[PDB]
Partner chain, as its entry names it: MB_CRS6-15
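Only one chain is included here, represented as C-alpha cells and corresponding to the form deposited without the partner chain.
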C-alpha cells in the first residue's frame, strides 16, 4: 500500500542552495537535492499524493521527506493561506525554488531557502529578505523515513 514510487511523476529534481541551522552546529550553506513528485496510492489509483524529498547526497541515500495526500492538502491549504488547487500546488513550490536558485547576494527582495533541523524533524521554508525584514513565502515540515 501507500505511495507508488513506481509510477510517480517527478516534476523537479536538482540541487538548491539552502541555509541550514542545527542547534549544536555552525550555520552552513549547502546545495541540497530537492525532488518533487506526484503519484497515487498503490491500493487505490484514485488517491492523489504529493511527495517532496530533501537530501544531502551520500552513499547512504538518506532522505528527509514530506508526503501530502489530496486530503491532507485541505488543511495544509487553510493553515497557510494557499489559493491554488492540489494540482497546481507543486508548480507554485517549484517557482519559489527557482527564485532561490537564481538569487544573488545584492538582490532585494532576495529569495532564500532555509532549513532548521530540531529533534526528529526538519522545518523547511523559503523566505524573502528585503530592506525591512525576513518573511516566509512557504513553510513545510519534513521527517526522516
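Throughout, rigid core stands for the largest set of C-alpha atoms superposing within 1.5 Å between the two forms. Numbering follows the first chain given and starts at 1.
Absent from the display: the form solved in complex with the partner chain. The rest refers to it.
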Going by heavy atom distances of 4.5 angstroms or less, which of 28, 117, 102, 41 would be at the interface with the partner chain in the bound PDB entry? 102
Given that the partner is absent here, does residue 63 sit within 4.5 Å of the partner chain in the bound PDB entry, heavy atoms only? no
If you check in the bound PDB entry, is residue 17 within 4.5 Å of the partner chain, heavy atoms only? no
Any non-hydrogen atom of residue 35 within 4.5 angstroms of the partner chain in the bound PDB entry: yes
Given that the partner chain is not shown alongside this chain, does residue 70 nevertheless sit within 4.5 Å of it in the bound PDB entry, heavy atom to heavy atom? no
Considering only 104, 58, 78, 88, which residue exhibits a C-alpha shift of no less than 2 Å between the shown form and the other one, with the rigid core used for superposition? 58
Change in CA distance between residue 61 and residue 40 in the bound PDB entry, which is 3 Å or more, as closer or farther: farther
Closer or farther in the bound PDB entry: C-alpha pair residue 61, residue 116 (3 angstroms or more): closer
